[PDB]
Amino acid sequence: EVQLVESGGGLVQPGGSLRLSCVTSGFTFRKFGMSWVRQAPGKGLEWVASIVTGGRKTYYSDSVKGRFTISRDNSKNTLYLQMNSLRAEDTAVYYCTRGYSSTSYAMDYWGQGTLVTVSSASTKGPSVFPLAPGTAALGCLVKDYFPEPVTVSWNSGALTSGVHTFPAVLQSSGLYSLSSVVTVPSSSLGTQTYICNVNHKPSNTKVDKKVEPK
Amino acid sequence: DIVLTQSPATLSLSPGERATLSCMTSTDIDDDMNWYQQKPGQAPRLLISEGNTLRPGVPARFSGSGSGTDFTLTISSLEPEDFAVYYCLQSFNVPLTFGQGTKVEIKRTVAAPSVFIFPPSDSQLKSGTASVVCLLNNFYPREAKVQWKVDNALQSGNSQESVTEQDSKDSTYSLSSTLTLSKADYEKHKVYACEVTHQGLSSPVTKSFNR
């Protein structure tokens, strides 16, 4: 079974460094060219770097040339991406990728992807505020957290229908904000309970806010 | 050199219809064009490789054509699973370059948004900041305009918007517009209102509150 397992991502400050590692299984590693591709949030695919079957040759995008080093150890079935002098715009999900043929770097198999966040902000749990309400609307404001991601569920997952959780937005403070909303019967408002469950693993915080009318 | 231009930016189609996607290259690339599909929260999925070759495991409705600088991806009959974002990629020479992507969305009947307004919580005000949330729920098409008016005075550059992916159940979009004021500023003003403009609205809809 083919697997491209990544690690080494995560938080890092501008100027800081990281080494992404991708350990491959399910195919002869040495027989293939490898590449890294990243995807900034809400944006598209961008090639970072490629490496031949051996270790002899490498190629870099203009964006990372001189700052990044791609490399592989065939004996460990492992792909490396040395990322030095990191900038905020390097923030992306970086994908470990395998070339489909021996003469092309076109990717067929992609790693699970790891988020790399380059920022000066410190890890912070979100402040969660209620958005008080035949249909009324209500939700939770998930404000000022870092880094991504947070998970939001309603009534411990018992309520899924009608729920909208918006993609996060980077604020000028360097912190993220989003809202999760749901539409419900107006008649049920004082009887049914509505609780948003906000989990933010990086800060080891979990918050449950009950959302009732004013 | 070696720029890939995808077209159109968004394909609005219904299930069963035929999809035609365009990708234009600034230079000949020896037919080394590749096509990828990506669904939210997933790695991209290779559909077609160099020489217009159908990848194993990919349905026959997918096909790739073109030559020189002109290349096309054709989905003969759209399925609900096929609505996603599609990227093209050239593999003729470094730097390897991707197209900017085409989103193939579901075309449905126009639906106006339900508009809601949310004052800052008594909780949040205690923290020193005030956020006013405008909610535009379950609408189509995607285009919508939001303007904030505080005591009838138009606000600019102090709001932030977010839009959900197209709903899987009803193929609608929702949008949030958040006005950020200081605690002090919030209490130095009386009327807070957001104005919404959309196809399904014969007239701009304004929802407001006082205290």
# chains A, B, ... in the order shown; residues from 1 in each chain; ligands from 1
$ residues_around --residues "residue 128 of chain A" --least-positions-apart "5" --cutoff "10 Å" --atoms "only C-alpha atoms" --output "short mmCIF file (atom, residue, chain, number, x, y, z; two decimals) with N, CA, C and O atoms, in the first residue's frame"
data_model
loop_
_atom_site.label_atom_id
_atom_site.label_comp_id
_atom_site.auth_asym_id
_atom_site.auth_seq_id
_atom_site.Cartn_x
_atom_site.Cartn_y
_atom_site.Cartn_z
N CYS A 140 -21.46 31.00 17.12
CA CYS A 140 -20.35 31.37 17.99
C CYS A 140 -19.27 32.11 17.22
O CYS A 140 -18.91 31.74 16.10
N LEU A 141 -18.75 33.16 17.84
CA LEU A 141 -17.63 33.89 17.28
C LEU A 141 -16.35 33.32 17.87
O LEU A 141 -16.12 33.40 19.07
N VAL A 142 -15.53 32.72 17.02
CA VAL A 142 -14.26 32.16 17.45
C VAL A 142 -13.13 33.14 17.12
O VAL A 142 -12.57 33.11 16.03
N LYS A 143 -12.82 34.01 18.08
CA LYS A 143 -11.95 35.15 17.81
C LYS A 143 -10.57 35.04 18.44
O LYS A 143 -10.41 34.54 19.56
N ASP A 144 -9.57 35.51 17.69
CA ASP A 144 -8.21 35.71 18.20
C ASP A 144 -7.51 34.43 18.66
O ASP A 144 -7.07 34.35 19.81
N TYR A 145 -7.38 33.45 17.78
CA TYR A 145 -6.62 32.26 18.11
C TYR A 145 -5.44 32.07 17.17
O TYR A 145 -5.40 32.65 16.08
N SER A 177 -9.58 34.54 13.14
CA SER A 177 -10.96 34.61 13.61
C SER A 177 -11.89 33.91 12.63
O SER A 177 -11.69 33.97 11.42
N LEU A 178 -12.90 33.24 13.17
CA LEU A 178 -13.98 32.71 12.35
C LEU A 178 -15.28 32.68 13.15
O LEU A 178 -15.28 32.90 14.36
N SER A 179 -16.37 32.36 12.46
CA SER A 179 -17.64 32.16 13.13
C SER A 179 -18.28 30.88 12.64
O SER A 179 -18.13 30.50 11.48
N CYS A 196 -21.87 25.38 21.31
CA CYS A 196 -20.77 25.18 20.38
C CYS A 196 -19.54 24.65 21.11
O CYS A 196 -19.14 25.16 22.16
N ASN A 197 -18.96 23.60 20.55
CA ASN A 197 -17.77 23.01 21.12
C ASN A 197 -16.55 23.41 20.31
O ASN A 197 -16.40 23.02 19.15
N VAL A 198 -15.69 24.23 20.91
CA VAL A 198 -14.52 24.74 20.22
C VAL A 198 -13.25 24.12 20.79
O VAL A 198 -12.90 24.33 21.95
N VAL A 207 -13.43 24.75 24.68
CA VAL A 207 -14.44 25.68 25.18
C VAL A 207 -15.84 25.26 24.73
O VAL A 207 -16.04 24.88 23.58
N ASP A 208 -16.79 25.31 25.65
CA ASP A 208 -18.19 25.03 25.36
C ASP A 208 -19.05 26.24 25.74
O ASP A 208 -19.19 26.55 26.92
N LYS A 209 -19.59 26.93 24.74
CA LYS A 209 -20.44 28.10 24.98
C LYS A 209 -21.90 27.79 24.69
O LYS A 209 -22.23 27.33 23.60
N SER B 123 -20.34 39.80 26.96
CA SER B 123 -19.06 39.17 27.27
C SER B 123 -17.90 39.84 26.53
O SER B 123 -16.92 40.26 27.15
N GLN B 124 -18.01 39.95 25.21
CA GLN B 124 -16.94 40.51 24.38
C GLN B 124 -16.64 41.97 24.67
O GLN B 124 -15.48 42.39 24.66
#
$ select_by_dssp --residues "segment 70-196 of chain A" --states "strand (DSSP E)" --output "PyMOL selection string"
chain A and resi 70-73+78-83+92-99+107-110+114-118+127-131+135-145+151-154+163-165+169-170+176-185+195-196
$ closest_atom_pairs --of "chain B" --to "chain A" --cutoff "6 Å" --atoms "only C-alpha atoms" --output "JSON lines"
{"residue": "B:46", "atom": "CA", "partner": "A:108", "partner_atom": "CA", "distance": 5.6}
{"residue": "B:95", "atom": "CA", "partner": "A:61", "partner_atom": "CA", "distance": 5.9}
{"residue": "B:118", "atom": "CA", "partner": "A:131", "partner_atom": "CA", "distance": 6.0}
{"residue": "B:164", "atom": "CA", "partner": "A:166", "partner_atom": "CA", "distance": 5.4}
$ write_last_selection --atoms "N, CA and C atoms" --output "CSV table (one decimal), in the first residue's frame"
chain,number,residue,atom,x,y,z
B,46,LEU,N,-4.5,13.4,-9.4
B,46,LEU,CA,-4.1,13.4,-10.8
B,46,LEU,C,-5.2,12.7,-11.7
B,95,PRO,N,11.2,26.3,-14.3
B,95,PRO,CA,10.4,26.0,-13.2
B,95,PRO,C,9.0,25.3,-13.5
B,118,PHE,N,-25.7,40.7,14.4
B,118,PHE,CA,-25.4,40.3,15.7
B,118,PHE,C,-24.5,41.3,16.4
B,164,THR,N,-18.4,30.5,2.9
B,164,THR,CA,-18.3,29.1,3.0
B,164,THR,C,-18.1,28.4,1.6
$ residues_around --residues "residue 157 of chain B" --least-positions-apart "6" --cutoff "12 Å" --atoms "only C-alpha atoms" --output "list in words"
residues 172 of chain A; 147, 148, 177, 178, 179, 180 and 181 of chain B
$ closest_residue --among "B:48, B:96, B:88, B:193" --to "residue 116 of chain B" --atoms "only C-alpha atoms"
B:193
$ atom_distance --atom1 "atom CA of residue 195 of chain A" --atom2 "atom CA of residue 156 of chain A"
7.8 Å
$ atom_distance --atom1 "atom CA of residue 30 of chain A" --atom2 "atom CA of residue 75 of chain A"
8.3 Å
$ residues_around --residues "residue 89 of chain A" --least-positions-apart "4" --cutoff "12 Å" --atoms "only C-alpha atoms" --output "list in words"
residues 13, 14, 38, 39, 40, 41, 43, 63, 64, 85, 93, 116, 117, 118 and 119 of chain A
$ atom_distance --atom1 "atom CA of residue 16 of chain A" --atom2 "atom CA of residue 54 of chain A"
28.4 Å
$ select_by_dssp --residues "segment 7-194 of chain B" --states "alpha helix (DSSP H)" --output "ChimeraX atom specification"
/B:122-125,183-187
$ write_last_selection --atoms "C-alpha atoms" --output "mmCIF file, in the first residue's frame"
data_model
loop_
_atom_site.group_PDB
_atom_site.id
_atom_site.type_symbol
_atom_site.label_atom_id
_atom_site.label_comp_id
_atom_site.auth_asym_id
_atom_site.auth_seq_id
_atom_site.Cartn_x
_atom_site.Cartn_y
_atom_site.Cartn_z
ATOM 1 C CA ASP B 122 -21.944 41.583 26.757
ATOM 2 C CA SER B 123 -19.059 39.174 27.268
ATOM 3 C CA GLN B 124 -16.941 40.508 24.379
ATOM 4 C CA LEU B 125 -17.534 44.155 25.246
ATOM 5 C CA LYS B 183 -15.411 49.183 23.114
ATOM 6 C CA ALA B 184 -15.356 52.985 23.438
ATOM 7 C CA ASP B 185 -16.248 53.603 19.776
ATOM 8 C CA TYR B 186 -19.092 51.104 19.954
ATOM 9 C CA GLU B 187 -20.742 53.028 22.801
#
$ closest_residue --among "B:26, B:165, B:149, B:176" --to "residue 189 of chain B" --atoms "only C-alpha atoms"
B:149
$ residues_around --residues "segment 52-64 of chain B" --least-positions-apart "4" --cutoff "7 Å" --atoms "only C-alpha atoms" --output "PyMOL selection string"
chain B and resi 47-48+72-77
